[PDB]
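These notes concern the structure reproduced below.
Only the coordinates and a few stated rules stand behind these numbers; no lab work does. All Cβ positions, even for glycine, are placed from backbone atoms using ideal geometry, and neighbour counts span all protein chains on display.
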Amino acid sequence: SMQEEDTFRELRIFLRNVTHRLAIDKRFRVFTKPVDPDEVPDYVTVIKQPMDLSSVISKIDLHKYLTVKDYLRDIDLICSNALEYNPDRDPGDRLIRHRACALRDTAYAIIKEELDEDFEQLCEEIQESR
Ligand SMILES: CNC(=O)[C@H](CCCCNC(C)=O)NC(C)=O
């Protein structure tokens, strides 16, 4: 229905705003674009589902997220990819892991403060009816 279309449109607006706020944070610059395959050849071989904030925006615009739960799975993926690809004790790896965990924590904190639980519940119930 048009009411359900309106619900998912509001979801997309909300998700774009959250994503923009993460993307403009200097700490998360490393997560704003895909890892360049020409610069890092072995990334695509190790990480099976690459994810980054530009790709998240693309997926929002393609109507791929029908719930905030599904969005957070892709935020979790950005984080888990970083931990998987950069597991070593050296400062470079530890920095990206800290930033990845901060990205995840920040996204969850924004959603905790600004997502109405009844809005998410509605989204989930529309999704299940599809
Ligand atoms: C020129 N690039 C490199 O040397 C790469 C850099 C990888 C950047 C890691 N980014 C993320 C998002 O996990 N490092 C190696 C070990 O392949």
What are the pairs with Cβ atoms under 7 angstrom where one residue, in the range 105-130, is touching a residue at least 24 places away in the same chain (Cβ under 8 Å) and farther than 12 Å from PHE14 by Cβ and the other, located anywhere, is hydroxyl-bearing (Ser, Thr, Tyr) and assigned to a helix (DSSP H, G or I)? Sequence gap at least six, or different chains. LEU122/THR7; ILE126/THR7
If a residue must be in contact (Cβ under 8 Å) with a residue 60 or more places away in the chain, outside any loop (DSSP other than H, G, I, E, B) and either touching a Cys at 6+ places or on another chain (Cβ under 6 Å) or not hydrophobic (A, V, I, L, M, F, W, C) (or both), how many such residues does the range 16-49 contain? 2
Based on what the data block shows, is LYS59 free of Cβ contacts under 8 Å to residues at least 24 places away in the same chain and farther than 23 Å from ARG29 by Cβ? no
Which condition number does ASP74 fail, the rest of (1) touching a helix residue (DSSP H, G or I) at 6+ places or on another chain (Cβ under 6 Å); (2) away from the ligand (no atom under 11 Å from the Cβ); (3) more than 19 Å from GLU124 (Cα to Cα) being met? (3)
Going through (1) over 12 Å from the mean Cα position of the chain (by Cα); (2) under 16 Å from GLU10 (Cα atoms) one by one, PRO87 fails only at (2)
When you check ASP105 against the structure, is it surrounded by fewer than 16 Cβ atoms within 10 Å (Cβ to Cβ), over 15 Å from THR19 (Cα atoms) and among the acidic types (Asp, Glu), yes or no? no
Any residue in the range 71-97 that's touching a residue at least 12 places away in the same chain (Cβ under 8 Å): show its pairings with residues that are surrounded by fewer than 14 Cβ atoms within 10 Å (Cβ to Cβ) and assigned to a loop (DSSP other than H, G, I, E, B) at Cβ separation under 7 Å, as long as the two are six or more apart or on different chains. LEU77/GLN49
Name every residue in the range 3-61 that is exposed (fewer than 13 other Cβ atoms within 10 Å of the Cβ), away from the ligand (no atom under 12 Å from the Cβ) and hydroxyl-bearing (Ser, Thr, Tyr), in order of residue number. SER58
